[PDB]
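*Asks:* Structure incoming, see below.
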Amino acid sequence: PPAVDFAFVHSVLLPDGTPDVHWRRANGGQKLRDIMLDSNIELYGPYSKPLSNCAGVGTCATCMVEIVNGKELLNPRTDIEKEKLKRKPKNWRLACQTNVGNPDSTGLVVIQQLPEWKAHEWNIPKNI
Amino acid sequence: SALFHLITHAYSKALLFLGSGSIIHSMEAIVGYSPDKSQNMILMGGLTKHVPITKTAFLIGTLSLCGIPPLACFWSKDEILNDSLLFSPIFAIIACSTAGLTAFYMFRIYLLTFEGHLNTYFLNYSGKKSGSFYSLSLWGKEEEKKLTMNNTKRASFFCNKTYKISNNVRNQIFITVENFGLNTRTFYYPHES
Amino acid sequence: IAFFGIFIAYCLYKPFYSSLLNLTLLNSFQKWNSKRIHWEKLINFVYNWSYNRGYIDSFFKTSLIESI
Amino acid sequence: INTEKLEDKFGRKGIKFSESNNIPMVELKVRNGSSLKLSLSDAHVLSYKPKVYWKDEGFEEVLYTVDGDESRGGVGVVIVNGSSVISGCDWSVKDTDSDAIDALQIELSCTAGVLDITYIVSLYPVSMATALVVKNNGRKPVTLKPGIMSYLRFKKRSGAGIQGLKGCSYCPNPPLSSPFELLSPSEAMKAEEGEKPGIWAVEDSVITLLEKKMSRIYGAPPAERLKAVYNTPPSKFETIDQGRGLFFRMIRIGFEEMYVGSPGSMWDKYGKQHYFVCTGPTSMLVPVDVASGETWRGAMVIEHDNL
Ligand code: FES
């Protein structure tokens, strides 16, 4: 079946000092929030309580996720991600406004959840 | 009844605001000075453990707004609804609904701040606290001289290979350089004002 | 009604390791609401209300001070 | 008192070695009043009293051990092949110069022939870290199955959960045979509601209760054979007490699946107070094979965020 390969590196490093990769399988592209919630990975963080976030529409800047190796199969920034966050390293997208594509999709997007409250910088190779 | 409600509200919500300022000036030691952080109720988290007097003050204030009968001020709202419910159908049942909503959001305000884990030094979210705590590894002398600059550990160096897919490795080599420990290792907890 | 509001706040925001409620009920709470589709509109509208400030500030800053 | 010799060899400011009832034992006390008692020569950590509350004596006991019988109680490391490989009580310290006062570490080491099973008990001011590492020396790859069986005590019989194993699949599977058992593997699946064999089921409860007998293992090693994404199970979860207001987090590193065991109502057959739970990370269904000379690591970390 068409399976998109997520990674979902956690922000907190393990006690070993190495990151943890979880490799969620969830099929197709509808919404990265609904994928991370259906497949049960920590998206919000302390905003995971019910009314502590806008729950999908994009009015808060809470479900922001740093995505690297993700220039391949995404929707572009929908001017809510371009406005609700304005000064970020540009690898950070809101999971409920972004979309990883259509059902017939395969890819290796790696999406560091909770970029706020992190210790690492990811050293993305310079574009162009 | 309006003036008694005003008196109890102005002695309860003023207490809640002074408690909020004490919460805030306890939180500045955590998150520095930023109203999007030092007043953000979500990452206030848990402060019953650290600031107990402010906890009791804010708890008494919020329970006075919810109308708790023995150890708080219910009787103002009691006279309100007693003089209101036999007046009109519109301005009675919706007033009681908003009183229930008042109880809800005020206790949410109390719970998101005081009861729970700190949500800012929480080791499931805060990687800086983790990097500050584990000053040494779990192996001692093995597996490294120490490691910073961990690469894309998508295979975890476990001799794992991919099946028929789009791609497994590529020209994407990104060094996830972690931070250090044993530096500014204090990270003091929120003490009382 | 006040204790009902208190309880709706308690079952959500009080954590499981410190809540005086029984775990057998707290798990059924999320089991009944594991879908989050009918709550994904109610919570959405309530947060939109609280974040747009009832849209009244936007209406005034679009039609009263921008009008002036 | 050989532990006096080990104390003048490796004793530090927060590390205290003791020997009573011919048991070599060590206490690790970090700066914040968090104590950790380990029985040497056995790789069996007994008691763990980390500072939970902000009182003077706010530290609370975590690991369930019975009063006089240290052999049955507390967290212990385990190896099998299919018999207990480390049944020999030949563990010896290796080093302790770990940190100033803040975090301490003991390096036990034994040898089961071609295997040098060395072992790290590290105390950080909020966490136990129990970390095994083995290394082959012979010309045969070994098919060992390791595990770290922890026994956490809860004050209330009804206040028991794990809070975060949802979404990942589980199979009801008996525990690994330990010298530090509390229930045998044959009775852990007996007298239920999960069926004994490895039937697979996706979890649909955000916090699974530990009221019943159900003693299972989370992970899908059948999909691990695929070595695709395979939905790696969560490497951490919040075990809660709810009788007293605290919780803990069991982080697994290197291990693949997570075993949980609820004694159910049959804890009265062994103990009368402090109903417990047998939780630990393992690689049990699909074993681990290192090499004819390589090394393999695996660790379990209990940490609290109450402090
Ligand atoms: S949840 Fe509010 S932005 Fe995605």
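Following the order of the structure tokens, first chain is A, next is B, and so on, with residues numbered from 1 inside each chain and ligands from 1 in the order they appear.
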Hey, what's within 9 Å of region 162-168 of chain D if we count only C-alpha atoms and toss same-chain stuff fewer than 5 positions away? As number ranges by chain, please?
*Replies:* A: 38-41; C: 16; D: 201-210, 218-220, 231-234, 236-240, 249, 260
*Asks:* Near residue 11 (chain A), counting only C-alpha atoms, which residues have an atom at most 7 Å away, once you skip same-chain residues fewer than 2 positions from it, shown as a VMD selection string?
*Replies:* (chain A and resid 9 13 112 to 115 117 to 118) or (chain B and resid 125 127)
*Asks:* May I have the residues of chain B within 9 Å of chain C, counting only C-alpha atoms, written as an MDAnalysis selection string?
*Replies:* chainID B and resid 66:68 96:97 99:108 111:112 115:117
*Asks:* Export N, CA and C atoms of the chosen residues as a tab-separated table (two decimals), in the first residue's frame?
*Replies:*
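Output file selection.tsv is given in full below:
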```tsv
chain	number	residue	atom	x	y	z
B	66	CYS	N	-16.40	30.80	42.49
B	66	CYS	CA	-17.29	29.71	42.13
B	66	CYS	C	-18.51	29.61	43.04
B	67	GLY	N	-18.46	30.31	44.18
B	67	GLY	CA	-19.58	30.28	45.14
B	67	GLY	C	-19.53	29.03	46.00
B	68	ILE	N	-18.41	28.78	46.67
B	68	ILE	CA	-18.34	27.63	47.62
B	68	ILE	C	-18.99	28.09	48.93
B	96	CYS	N	-27.44	31.16	35.47
B	96	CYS	CA	-26.95	29.97	36.15
B	96	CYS	C	-25.97	29.20	35.27
B	97	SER	N	-26.24	29.14	33.97
B	97	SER	CA	-25.30	28.50	33.05
B	97	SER	C	-23.96	29.21	33.05
B	99	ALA	N	-22.83	30.89	35.54
B	99	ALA	CA	-22.21	30.60	36.82
B	99	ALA	C	-21.47	29.27	36.78
B	100	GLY	N	-22.08	28.27	36.15
B	100	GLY	CA	-21.38	27.01	35.96
B	100	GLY	C	-20.13	27.18	35.12
B	101	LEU	N	-20.22	27.99	34.06
B	101	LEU	CA	-19.05	28.28	33.24
B	101	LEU	C	-18.00	29.02	34.04
B	102	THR	N	-18.43	29.88	34.96
B	102	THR	CA	-17.51	30.59	35.83
B	102	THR	C	-16.73	29.62	36.69
B	103	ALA	N	-17.44	28.68	37.31
B	103	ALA	CA	-16.77	27.63	38.07
B	103	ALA	C	-15.77	26.89	37.19
B	104	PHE	N	-16.18	26.56	35.97
B	104	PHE	CA	-15.31	25.78	35.09
B	104	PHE	C	-14.03	26.52	34.77
B	105	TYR	N	-14.13	27.72	34.22
B	105	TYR	CA	-12.91	28.37	33.74
B	105	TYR	C	-12.06	28.84	34.90
B	106	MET	N	-12.66	29.20	36.04
B	106	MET	CA	-11.84	29.61	37.17
B	106	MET	C	-11.09	28.42	37.74
B	107	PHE	N	-11.72	27.25	37.81
B	107	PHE	CA	-10.97	26.09	38.29
B	107	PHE	C	-9.98	25.60	37.25
B	108	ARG	N	-10.23	25.82	35.97
B	108	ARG	CA	-9.21	25.55	34.96
B	108	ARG	C	-8.01	26.44	35.18
B	111	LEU	N	-6.15	24.99	38.09
B	111	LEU	CA	-5.55	23.68	37.89
B	111	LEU	C	-4.38	23.73	36.92
B	112	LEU	N	-4.47	24.53	35.87
B	112	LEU	CA	-3.39	24.61	34.90
B	112	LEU	C	-2.14	25.26	35.48
B	115	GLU	N	-1.89	22.59	40.15
B	115	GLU	CA	-1.96	21.15	40.34
B	115	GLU	C	-1.43	20.46	39.09
B	116	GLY	N	-0.33	19.73	39.25
B	116	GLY	CA	0.25	18.96	38.18
B	116	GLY	C	1.75	19.08	38.18
B	117	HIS	N	2.34	18.63	37.08
B	117	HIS	CA	3.77	18.79	36.84
B	117	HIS	C	4.04	20.15	36.21
```
*Asks:* With a cut-off of 8 Å and counting only C-alpha atoms, select all residues of chain A in contact with chain C and give the selection as a PyMOL selection string.
*Replies:* chain A and resi 49-51+53-57+59
*Asks:* Near region 76-89 of chain A, within 8 Å and counting only C-alpha atoms, which residues show up once chain neighbours fewer than 6 positions away are dropped, as a VMD selection string?
*Replies:* chain A and resid 58 to 61 97 to 98
*Asks:* What are the residues of chain A that have an atom within 10 Å of an atom of chain D, counting only C-alpha atoms, as a PDB file with N, CA, C and O atoms, in the first residue's frame?
*Replies:*
```pdb
ATOM      1  N   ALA A   3       2.513   4.010   1.515  1.00  0.00           N
ATOM      2  CA  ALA A   3       2.827   4.338   2.898  1.00  0.00           C
ATOM      3  C   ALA A   3       3.900   5.415   2.937  1.00  0.00           C
ATOM      4  O   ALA A   3       4.983   5.246   2.366  1.00  0.00           O
ATOM      5  N   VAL A   4       3.593   6.511   3.617  1.00  0.00           N
ATOM      6  CA  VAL A   4       4.541   7.599   3.823  1.00  0.00           C
ATOM      7  C   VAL A   4       5.285   7.354   5.127  1.00  0.00           C
ATOM      8  O   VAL A   4       4.672   7.057   6.159  1.00  0.00           O
ATOM      9  N   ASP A   5       6.610   7.458   5.078  1.00  0.00           N
ATOM     10  CA  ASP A   5       7.464   7.051   6.192  1.00  0.00           C
ATOM     11  C   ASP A   5       7.794   8.274   7.039  1.00  0.00           C
ATOM     12  O   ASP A   5       8.704   9.042   6.717  1.00  0.00           O
ATOM     13  N   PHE A   6       7.051   8.452   8.126  1.00  0.00           N
ATOM     14  CA  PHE A   6       7.380   9.460   9.117  1.00  0.00           C
ATOM     15  C   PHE A   6       8.453   8.930  10.056  1.00  0.00           C
ATOM     16  O   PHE A   6       8.731   7.733  10.098  1.00  0.00           O
ATOM     17  N   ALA A   7       9.092   9.849  10.779  1.00  0.00           N
ATOM     18  CA  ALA A   7      10.095   9.519  11.785  1.00  0.00           C
ATOM     19  C   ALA A   7       9.740  10.029  13.172  1.00  0.00           C
ATOM     20  O   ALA A   7       9.746   9.252  14.134  1.00  0.00           O
ATOM     21  N   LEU A  14      17.067  11.030  24.943  1.00  0.00           N
ATOM     22  CA  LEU A  14      17.027   9.956  25.905  1.00  0.00           C
ATOM     23  C   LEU A  14      18.113  10.168  26.955  1.00  0.00           C
ATOM     24  O   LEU A  14      19.018  10.984  26.768  1.00  0.00           O
ATOM     25  N   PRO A  15      18.044   9.451  28.078  1.00  0.00           N
ATOM     26  CA  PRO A  15      19.140   9.535  29.053  1.00  0.00           C
ATOM     27  C   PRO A  15      20.476   9.090  28.495  1.00  0.00           C
ATOM     28  O   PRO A  15      21.520   9.492  29.023  1.00  0.00           O
ATOM     29  N   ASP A  16      20.480   8.268  27.444  1.00  0.00           N
ATOM     30  CA  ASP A  16      21.726   7.932  26.769  1.00  0.00           C
ATOM     31  C   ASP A  16      22.361   9.155  26.124  1.00  0.00           C
ATOM     32  O   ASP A  16      23.583   9.195  25.947  1.00  0.00           O
ATOM     33  N   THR A  18      21.056  10.219  23.057  1.00  0.00           N
ATOM     34  CA  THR A  18      20.750  10.025  21.652  1.00  0.00           C
ATOM     35  C   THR A  18      19.267  10.283  21.393  1.00  0.00           C
ATOM     36  O   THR A  18      18.438   9.974  22.256  1.00  0.00           O
ATOM     37  N   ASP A  20      15.418   9.757  19.926  1.00  0.00           N
ATOM     38  CA  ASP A  20      14.539   8.609  19.742  1.00  0.00           C
ATOM     39  C   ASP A  20      13.662   8.840  18.521  1.00  0.00           C
ATOM     40  O   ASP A  20      12.997   9.874  18.415  1.00  0.00           O
ATOM     41  N   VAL A  21      13.664   7.872  17.609  1.00  0.00           N
ATOM     42  CA  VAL A  21      12.870   7.914  16.387  1.00  0.00           C
ATOM     43  C   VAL A  21      11.816   6.821  16.480  1.00  0.00           C
ATOM     44  O   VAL A  21      12.127   5.684  16.853  1.00  0.00           O
ATOM     45  N   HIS A  22      10.574   7.164  16.127  1.00  0.00           N
ATOM     46  CA  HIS A  22       9.422   6.319  16.409  1.00  0.00           C
ATOM     47  C   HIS A  22       8.777   5.696  15.177  1.00  0.00           C
ATOM     48  O   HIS A  22       8.090   4.679  15.315  1.00  0.00           O
ATOM     49  N   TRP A  23       8.963   6.277  13.994  1.00  0.00           N
ATOM     50  CA  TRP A  23       8.595   5.652  12.721  1.00  0.00           C
ATOM     51  C   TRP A  23       7.114   5.264  12.660  1.00  0.00           C
ATOM     52  O   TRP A  23       6.755   4.088  12.634  1.00  0.00           O
ATOM     53  N   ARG A  24       6.254   6.275  12.628  1.00  0.00           N
ATOM     54  CA  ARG A  24       4.826   6.042  12.464  1.00  0.00           C
ATOM     55  C   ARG A  24       4.490   5.820  10.991  1.00  0.00           C
ATOM     56  O   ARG A  24       5.032   6.487  10.107  1.00  0.00           O
ATOM     57  N   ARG A  25       3.591   4.863  10.737  1.00  0.00           N
ATOM     58  CA  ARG A  25       3.320   4.371   9.387  1.00  0.00           C
ATOM     59  C   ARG A  25       2.198   5.105   8.660  1.00  0.00           C
ATOM     60  O   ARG A  25       2.080   4.928   7.443  1.00  0.00           O
ATOM     61  N   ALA A  26       1.423   5.942   9.364  1.00  0.00           N
ATOM     62  CA  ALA A  26       0.066   6.327   8.961  1.00  0.00           C
ATOM     63  C   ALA A  26      -0.047   6.694   7.486  1.00  0.00           C
ATOM     64  O   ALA A  26       0.806   7.390   6.929  1.00  0.00           O
ATOM     65  N   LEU A  37      -2.097  12.585  15.758  1.00  0.00           N
ATOM     66  CA  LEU A  37      -3.098  12.292  16.776  1.00  0.00           C
ATOM     67  C   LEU A  37      -3.732  10.922  16.582  1.00  0.00           C
ATOM     68  O   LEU A  37      -3.943  10.193  17.557  1.00  0.00           O
ATOM     69  N   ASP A  38      -4.043  10.559  15.337  1.00  0.00           N
ATOM     70  CA  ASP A  38      -4.574   9.231  15.058  1.00  0.00           C
ATOM     71  C   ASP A  38      -3.542   8.173  15.409  1.00  0.00           C
ATOM     72  O   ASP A  38      -3.879   7.118  15.959  1.00  0.00           O
ATOM     73  N   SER A  39      -2.279   8.448  15.108  1.00  0.00           N
ATOM     74  CA  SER A  39      -1.190   7.522  15.347  1.00  0.00           C
ATOM     75  C   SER A  39      -0.519   7.731  16.703  1.00  0.00           C
ATOM     76  O   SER A  39       0.439   7.018  17.020  1.00  0.00           O
ATOM     77  N   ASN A  40      -1.002   8.683  17.506  1.00  0.00           N
ATOM     78  CA  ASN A  40      -0.659   8.811  18.924  1.00  0.00           C
ATOM     79  C   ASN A  40       0.838   9.059  19.136  1.00  0.00           C
ATOM     80  O   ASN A  40       1.578   8.216  19.647  1.00  0.00           O
ATOM     81  N   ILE A  41       1.261  10.252  18.722  1.00  0.00           N
ATOM     82  CA  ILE A  41       2.572  10.781  19.066  1.00  0.00           C
ATOM     83  C   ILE A  41       2.379  12.192  19.610  1.00  0.00           C
ATOM     84  O   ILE A  41       1.414  12.883  19.281  1.00  0.00           O
ATOM     85  N   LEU A 108       9.976   9.984   2.914  1.00  0.00           N
ATOM     86  CA  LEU A 108      10.770   9.786   4.126  1.00  0.00           C
ATOM     87  C   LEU A 108      10.866  11.101   4.902  1.00  0.00           C
ATOM     88  O   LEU A 108      11.939  11.540   5.311  1.00  0.00           O
TER      89      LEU A 108
END
```
*Asks:* May I ask for the distance between CA of residue 7 (chain B) and CA of residue 23 (chain B), given in Å to one decimal place?
*Replies:*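 It comes out at 24.0 Å.
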*Asks:* Could you give me, as a short mmCIF file (atom, residue, chain, number, x, y, z; two decimals) with N, CA, C and O atoms, in the first residue's frame, the residues within 12 Å of region 51-56 of chain D, counting only C-alpha atoms and dropping anything in the same chain fewer than 3 positions from it?
*Replies:*
```cif
data_model
loop_
_atom_site.label_atom_id
_atom_site.label_comp_id
_atom_site.auth_asym_id
_atom_site.auth_seq_id
_atom_site.Cartn_x
_atom_site.Cartn_y
_atom_site.Cartn_z
N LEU B 47 2.54 24.22 40.54
CA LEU B 47 3.12 25.14 41.50
C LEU B 47 2.60 24.92 42.91
O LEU B 47 2.98 25.66 43.83
N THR B 48 1.76 23.91 43.12
CA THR B 48 1.37 23.56 44.48
C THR B 48 2.57 23.09 45.29
O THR B 48 2.66 23.36 46.49
N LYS B 49 3.51 22.41 44.64
CA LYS B 49 4.67 21.89 45.35
C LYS B 49 5.60 23.01 45.80
O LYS B 49 6.20 22.92 46.87
N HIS B 50 5.72 24.06 45.00
CA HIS B 50 6.74 25.08 45.20
C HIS B 50 6.24 26.28 45.99
O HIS B 50 6.91 26.72 46.93
N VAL B 51 5.07 26.82 45.64
CA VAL B 51 4.54 28.04 46.25
C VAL B 51 3.23 27.73 46.98
O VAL B 51 2.15 27.93 46.42
N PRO B 52 3.27 27.28 48.24
CA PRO B 52 2.04 26.82 48.89
C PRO B 52 1.13 27.94 49.39
O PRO B 52 -0.10 27.81 49.35
N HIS B 117 2.34 18.63 37.08
CA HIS B 117 3.77 18.79 36.84
C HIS B 117 4.04 20.15 36.21
O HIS B 117 3.14 20.83 35.72
N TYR B 189 14.50 26.41 40.84
CA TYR B 189 13.06 26.19 40.88
C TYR B 189 12.35 27.44 41.37
O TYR B 189 12.97 28.32 41.98
N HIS B 191 10.92 29.73 43.68
CA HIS B 191 10.74 29.92 45.12
C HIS B 191 9.65 30.95 45.38
O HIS B 191 9.24 31.71 44.50
N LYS D 29 23.79 8.07 47.74
CA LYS D 29 23.06 9.23 48.24
C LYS D 29 23.59 10.46 47.52
O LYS D 29 24.71 10.92 47.80
N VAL D 30 22.81 10.98 46.59
CA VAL D 30 23.13 12.21 45.87
C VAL D 30 22.70 13.42 46.69
O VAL D 30 22.06 13.29 47.74
N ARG D 31 23.07 14.61 46.20
CA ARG D 31 23.01 15.84 46.98
C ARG D 31 21.60 16.13 47.51
O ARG D 31 21.45 16.69 48.60
N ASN D 32 20.57 15.75 46.76
CA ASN D 32 19.20 16.14 47.08
C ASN D 32 18.50 15.14 47.99
O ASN D 32 17.26 15.07 48.00
N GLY D 33 19.25 14.35 48.75
CA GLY D 33 18.63 13.41 49.68
C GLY D 33 17.96 12.23 49.02
O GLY D 33 17.10 11.60 49.65
N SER D 34 18.33 11.91 47.79
CA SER D 34 17.78 10.77 47.08
C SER D 34 18.69 9.57 47.30
O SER D 34 19.86 9.60 46.90
N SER D 35 18.17 8.53 47.93
CA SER D 35 18.95 7.36 48.31
C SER D 35 18.66 6.21 47.36
O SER D 35 17.58 6.12 46.77
N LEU D 36 19.65 5.33 47.21
CA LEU D 36 19.54 4.18 46.32
C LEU D 36 20.36 3.04 46.91
O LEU D 36 21.59 3.15 46.99
N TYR D 48 14.82 2.28 46.36
CA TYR D 48 15.05 3.52 45.63
C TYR D 48 14.16 4.58 46.26
O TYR D 48 12.93 4.51 46.11
N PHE D 59 11.24 11.93 50.45
CA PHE D 59 11.55 10.83 49.55
C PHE D 59 10.74 9.60 49.91
O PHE D 59 10.59 9.25 51.09
N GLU D 60 10.22 8.94 48.89
CA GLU D 60 9.30 7.82 49.02
C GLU D 60 9.89 6.59 48.34
O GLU D 60 10.63 6.69 47.36
N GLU D 61 9.54 5.42 48.86
CA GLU D 61 10.01 4.17 48.29
C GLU D 61 9.27 3.87 46.99
O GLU D 61 8.07 4.14 46.87
N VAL D 62 10.00 3.31 46.03
CA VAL D 62 9.48 3.03 44.69
C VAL D 62 9.42 1.53 44.43
O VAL D 62 8.39 1.01 44.01
N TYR D 124 20.85 9.58 39.23
CA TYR D 124 20.70 11.00 39.05
C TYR D 124 19.67 11.53 40.04
O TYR D 124 18.84 10.77 40.53
N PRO D 125 19.67 12.84 40.34
CA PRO D 125 18.82 13.33 41.45
C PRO D 125 17.33 13.15 41.25
O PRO D 125 16.57 13.47 42.17
N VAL D 126 16.87 12.68 40.09
CA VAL D 126 15.47 12.32 39.89
C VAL D 126 15.30 10.93 39.30
O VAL D 126 14.17 10.53 39.03
N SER D 127 16.39 10.19 39.06
CA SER D 127 16.27 8.99 38.24
C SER D 127 17.23 7.88 38.63
O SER D 127 18.39 8.11 38.97
N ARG D 244 -0.97 8.12 46.57
CA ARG D 244 -0.20 9.31 46.89
C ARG D 244 0.20 9.98 45.58
O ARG D 244 0.41 9.32 44.56
N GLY D 245 0.28 11.31 45.62
CA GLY D 245 0.35 12.09 44.40
C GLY D 245 1.71 12.15 43.74
O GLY D 245 2.41 13.17 43.85
N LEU D 246 2.10 11.08 43.06
CA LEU D 246 3.33 11.08 42.28
C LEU D 246 3.19 10.09 41.13
O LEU D 246 2.23 9.32 41.04
N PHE D 247 4.19 10.12 40.25
CA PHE D 247 4.26 9.22 39.12
C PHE D 247 5.71 9.09 38.69
O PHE D 247 6.60 9.77 39.21
N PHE D 248 5.95 8.19 37.74
CA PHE D 248 7.29 7.88 37.27
C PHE D 248 7.23 7.59 35.78
O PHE D 248 6.16 7.36 35.22
N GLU D 303 12.41 7.78 36.01
CA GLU D 303 12.60 9.18 36.40
C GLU D 303 11.28 9.80 36.82
O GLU D 303 10.22 9.46 36.29
N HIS D 304 11.35 10.73 37.77
CA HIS D 304 10.18 11.47 38.23
C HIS D 304 10.37 12.96 37.96
O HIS D 304 11.50 13.47 37.94
N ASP D 305 9.25 13.65 37.77
CA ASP D 305 9.21 15.08 37.53
C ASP D 305 8.36 15.80 38.57
O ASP D 305 7.80 16.87 38.30
N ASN D 306 8.26 15.23 39.77
CA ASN D 306 7.61 15.90 40.89
C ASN D 306 8.63 16.74 41.65
O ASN D 306 8.51 17.96 41.73
N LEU D 307 9.66 16.08 42.19
CA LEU D 307 10.79 16.72 42.87
C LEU D 307 10.35 17.72 43.93
O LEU D 307 10.11 18.89 43.62
#
```
*Asks:* Set the cut-off to 9 Å and count only C-alpha atoms: what are the residues of chain B that reach chain D? Output as a tab-separated table (two decimals) with N, CA, C and O atoms, in the first residue's frame.
*Replies:*
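As a result, selection-v4.tsv now contains:
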```
chain	number	residue	atom	x	y	z
B	46	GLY	N	2.58	23.26	37.31
B	46	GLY	CA	2.47	22.74	38.65
B	46	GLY	C	3.26	23.58	39.63
B	46	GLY	O	4.49	23.63	39.57
B	49	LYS	N	3.51	22.41	44.64
B	49	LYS	CA	4.67	21.89	45.35
B	49	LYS	C	5.60	23.01	45.80
B	49	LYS	O	6.20	22.92	46.87
B	50	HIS	N	5.72	24.06	45.00
B	50	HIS	CA	6.74	25.08	45.20
B	50	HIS	C	6.24	26.28	45.99
B	50	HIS	O	6.91	26.72	46.93
B	116	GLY	N	-0.33	19.73	39.25
B	116	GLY	CA	0.25	18.96	38.18
B	116	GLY	C	1.75	19.08	38.18
B	116	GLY	O	2.36	19.52	39.15
B	117	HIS	N	2.34	18.63	37.08
B	117	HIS	CA	3.77	18.79	36.84
B	117	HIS	C	4.04	20.15	36.21
B	117	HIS	O	3.14	20.83	35.72
B	118	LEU	N	5.31	20.56	36.25
B	118	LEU	CA	5.64	21.96	36.02
B	118	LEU	C	5.44	22.39	34.58
B	118	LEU	O	5.28	23.59	34.32
B	121	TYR	N	9.93	22.58	33.11
B	121	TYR	CA	11.06	21.70	33.37
B	121	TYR	C	10.66	20.23	33.21
B	121	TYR	O	11.41	19.35	33.64
B	122	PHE	N	9.52	19.96	32.60
B	122	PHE	CA	9.05	18.60	32.45
B	122	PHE	C	9.97	17.84	31.51
B	122	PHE	O	10.23	18.28	30.39
B	123	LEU	N	10.45	16.69	31.96
B	123	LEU	CA	11.46	15.94	31.23
B	123	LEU	C	10.90	15.18	30.03
B	123	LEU	O	11.69	14.55	29.31
B	124	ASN	N	9.59	15.20	29.81
B	124	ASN	CA	9.03	14.71	28.56
B	124	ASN	C	9.01	15.77	27.48
B	124	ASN	O	8.86	15.42	26.30
B	133	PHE	N	20.60	17.55	33.34
B	133	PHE	CA	20.61	16.52	34.38
B	133	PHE	C	21.66	15.46	34.10
B	133	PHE	O	22.62	15.30	34.86
B	134	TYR	N	21.50	14.73	32.99
B	134	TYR	CA	22.38	13.59	32.71
B	134	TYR	C	23.75	14.12	32.31
B	134	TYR	O	24.12	14.18	31.14
B	135	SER	N	24.52	14.50	33.33
B	135	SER	CA	25.86	15.04	33.10
B	135	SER	C	26.84	13.97	32.64
B	135	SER	O	27.87	14.31	32.04
B	136	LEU	N	26.57	12.70	32.93
B	136	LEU	CA	27.36	11.58	32.45
B	136	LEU	C	26.45	10.58	31.75
B	136	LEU	O	25.23	10.57	31.94
B	138	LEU	N	25.28	6.59	30.49
B	138	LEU	CA	24.89	5.38	31.19
B	138	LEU	C	25.84	4.22	30.95
B	138	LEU	O	25.51	3.08	31.30
B	139	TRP	N	27.01	4.48	30.36
B	139	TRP	CA	27.98	3.44	30.04
B	139	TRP	C	29.36	3.70	30.63
B	139	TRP	O	30.18	2.78	30.65
B	140	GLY	N	29.64	4.91	31.11
B	140	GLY	CA	30.92	5.19	31.71
B	140	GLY	C	32.00	5.37	30.67
B	140	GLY	O	32.06	6.39	29.99
B	160	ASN	N	20.36	-2.29	9.20
B	160	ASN	CA	19.00	-2.37	8.67
B	160	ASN	C	18.97	-1.82	7.25
B	160	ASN	O	19.55	-0.76	6.98
B	161	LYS	N	18.30	-2.54	6.36
B	161	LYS	CA	18.14	-2.15	4.97
B	161	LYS	C	16.66	-2.07	4.62
B	161	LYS	O	15.82	-2.71	5.26
B	162	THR	N	16.35	-1.28	3.60
B	162	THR	CA	14.98	-0.98	3.22
B	162	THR	C	14.51	-1.88	2.09
B	162	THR	O	15.30	-2.34	1.26
B	163	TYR	N	13.20	-2.12	2.06
B	163	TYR	CA	12.55	-2.88	1.00
B	163	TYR	C	12.26	-1.98	-0.19
B	163	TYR	O	12.78	-0.87	-0.28
```
*Asks:* Compile the residues of chain B that lie within 8 Å of chain A, evaluated using only C-alpha atoms, and express the compilation as an MDAnalysis selection string.
*Replies:* chainID B and resid 42:43 119 123:128 130:131 134 137:138 147 150 153:154 165:168 172:179
*Asks:* Can you spit out the residues from that selection as an mmCIF file, in the first residue's frame, using C-alpha atoms?
*Replies:*
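Result file again-v4.cif:
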```cif
data_model
loop_
_atom_site.group_PDB
_atom_site.id
_atom_site.type_symbol
_atom_site.label_atom_id
_atom_site.label_comp_id
_atom_site.auth_asym_id
_atom_site.auth_seq_id
_atom_site.Cartn_x
_atom_site.Cartn_y
_atom_site.Cartn_z
ATOM 1 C CA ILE B 42 -0.274 26.328 30.015
ATOM 2 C CA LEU B 43 3.422 26.121 30.888
ATOM 3 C CA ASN B 119 5.202 21.724 32.206
ATOM 4 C CA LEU B 123 11.461 15.937 31.228
ATOM 5 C CA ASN B 124 9.031 14.712 28.564
ATOM 6 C CA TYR B 125 9.137 18.162 26.902
ATOM 7 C CA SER B 126 12.151 20.153 28.127
ATOM 8 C CA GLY B 127 15.277 18.769 26.489
ATOM 9 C CA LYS B 128 17.420 21.449 28.114
ATOM 10 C CA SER B 130 17.444 16.585 30.359
ATOM 11 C CA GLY B 131 20.774 17.711 28.923
ATOM 12 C CA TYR B 134 22.376 13.590 32.712
ATOM 13 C CA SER B 137 26.325 8.746 30.171
ATOM 14 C CA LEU B 138 24.887 5.379 31.194
ATOM 15 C CA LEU B 147 28.274 12.104 21.984
ATOM 16 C CA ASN B 150 24.755 12.515 16.337
ATOM 17 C CA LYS B 153 20.115 7.730 13.068
ATOM 18 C CA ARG B 154 17.323 6.474 10.850
ATOM 19 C CA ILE B 165 10.347 1.989 -1.447
ATOM 20 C CA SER B 166 11.132 5.473 -2.730
ATOM 21 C CA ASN B 167 14.520 5.935 -1.059
ATOM 22 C CA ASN B 168 16.413 4.892 2.074
ATOM 23 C CA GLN B 172 20.862 14.232 3.058
ATOM 24 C CA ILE B 173 23.483 13.997 5.824
ATOM 25 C CA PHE B 174 22.323 16.217 8.704
ATOM 26 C CA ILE B 175 24.308 16.240 11.959
ATOM 27 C CA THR B 176 21.864 16.631 14.859
ATOM 28 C CA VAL B 177 24.313 18.483 17.093
ATOM 29 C CA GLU B 178 23.045 18.321 20.666
ATOM 30 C CA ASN B 179 23.808 20.827 23.409
#
```
